[PDB]
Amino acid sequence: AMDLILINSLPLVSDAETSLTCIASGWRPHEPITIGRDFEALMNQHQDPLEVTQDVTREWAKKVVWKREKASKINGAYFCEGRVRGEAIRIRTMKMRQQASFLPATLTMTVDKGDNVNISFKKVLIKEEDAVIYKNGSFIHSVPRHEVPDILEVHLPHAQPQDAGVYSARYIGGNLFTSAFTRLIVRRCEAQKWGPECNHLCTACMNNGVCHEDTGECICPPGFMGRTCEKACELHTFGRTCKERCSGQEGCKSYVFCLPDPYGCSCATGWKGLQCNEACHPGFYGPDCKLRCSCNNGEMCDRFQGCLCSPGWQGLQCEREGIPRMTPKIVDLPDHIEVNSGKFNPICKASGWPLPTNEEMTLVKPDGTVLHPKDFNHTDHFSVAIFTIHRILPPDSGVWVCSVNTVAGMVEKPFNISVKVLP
C-alpha cells in the first residue's frame, strides 16, 4: 500500500528533455500523488507551476516533463508525495545545470546519527575565484581563490539530524540556478539500531539496502527484494516486488531511482555515476556498483545479481548448501469473492521454502489499511494466515491484496471483493 518510487530521468539537466516520474506500484492510490518543488528543502527557488500529467505506461503513475531546450532554471529540490490513510510518503531529489562548475560526486548520501560525514563535490570548471558550499541558503564553508582543489569537501564530524539537507556548491560569483546539489540523509539512530528510542536491532540488509529507523525493516535497491534484500530480481526491474520494468532496450541504464527517505537515490543494480549511464567493471554488482563480488570458488559475478552459484550452492558468496530458497507464492486465491456484510474471515495461503512465518503475512485493504493475521498454521509446505474483519461493509469492496515477504523474496496477489447487504 506504500511502494512509491520516484524516477529522476537524469538529475543533470541540459538541452535534452528531462522528467520526473512518481510511481505507485501495486496499489491504486486513494489520494492524488503529488509532485512539486520542495521549498523547505532548498530556499530561493523559482515558483513556476509544474505541468503534471498521467504517465500511461505504468498503471498508477504521474510525471512532469520539461520541454526540450525550454529547460530554463529547473534547478532545485523536488519531491513526490503519496498519502495513505493520513500518512504521507515523501521521496526527494534535485535538478541542476549539467554545465555546472562542480558536480555533486553523489546525489544523496545516507549516514547514521553517529557517523562522521564527508560531503564532497568534484571540480569541473577552473575559474580564478572563491568557491563556496551552502546549505539551503546559509553559509557552511569557503575556499580561497588560488587554493580551490580538485575536490571541494565539507567535513561533518559526528553528523546530527540537523545536518541533513541539500548542500550546494559553486564559485562565489554564481547563483542558485548554477549550483551543484547534494542531499545528506541522516538516520535518527546509529547503525543497525531502530525504534522510538533506538532500542532495537535492525533486520540485516545485504546488497546495500538500508534499515528504516521506525520499523527495522529493509528498503532494497532496485533489482533486489526480500526481507534482507538478498533475492536477485529479474534483470531490468524495480519496485518492492520487482513487478515494474525499465522501459527501453537498454535496461535501466539512464534511470535514477529515489525511494522513501532513509534510502535516498541511486542507480538500479548494475549501473553507476550521475546519469547512471556507466556499466560496471568486473567484480562489482549492486546499486551504483558498490558491492564487490566474492564468490568463494570463482563463480560468475553478474553486475546485476551478483554471484552466479553452481548447482547446490546458494548465498551471497555461494557459501551455503542445504535446502535452496523458494520465493513465496500465493496459492488458491480467487479472482473474486462476493461476501455479505458482517463478520469476515479471509485467508491468504503461501508456499516457499523459508515458509512464511506469522509475522511475514499481511492483508492490505483497498484503501491502504494493513491487516495482520489473527490465527495461523502451516501444513506440509503451505503457510496459512487467517484474518478477521469485524464488520466488512459495502464501501470496503474493491481490490484487496495478500502480501508475503521472507528472505526468499516478496509476493503480492490481488483479489476483488464484492460486498452487498442481505435483503
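The numbering used is simple: start at 1 and walk along the sequence shown.
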| item | value |
| --- | --- |
| Higher-scoring stretch by recorded Cα B factor average, 39-47 or 362-370 | 39-47 |
| Segment of higher mean CA temperature factor, 226-234 or 187-195 | 187-195 |
| Given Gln275, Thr108, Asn136, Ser101, the residue at which the Cα B factor reaches its maximum | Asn136 |
| Candidate residues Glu81, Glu87, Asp332, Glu244, the one whose C-alpha B factor the record puts highest | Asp332 |
| Cα B factor band for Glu250 (lowest, middle or highest third within the chain) | highest |
| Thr357, C-alpha B-factor rank within chain (lowest, middle or highest third) | middle |
| Chain-relative CA temperature factor third for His212 | lowest |
| Chain thirds of CA B-factor: placement of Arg240 | lowest |
| Chain thirds of CA B-factor: placement of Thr34 | lowest |
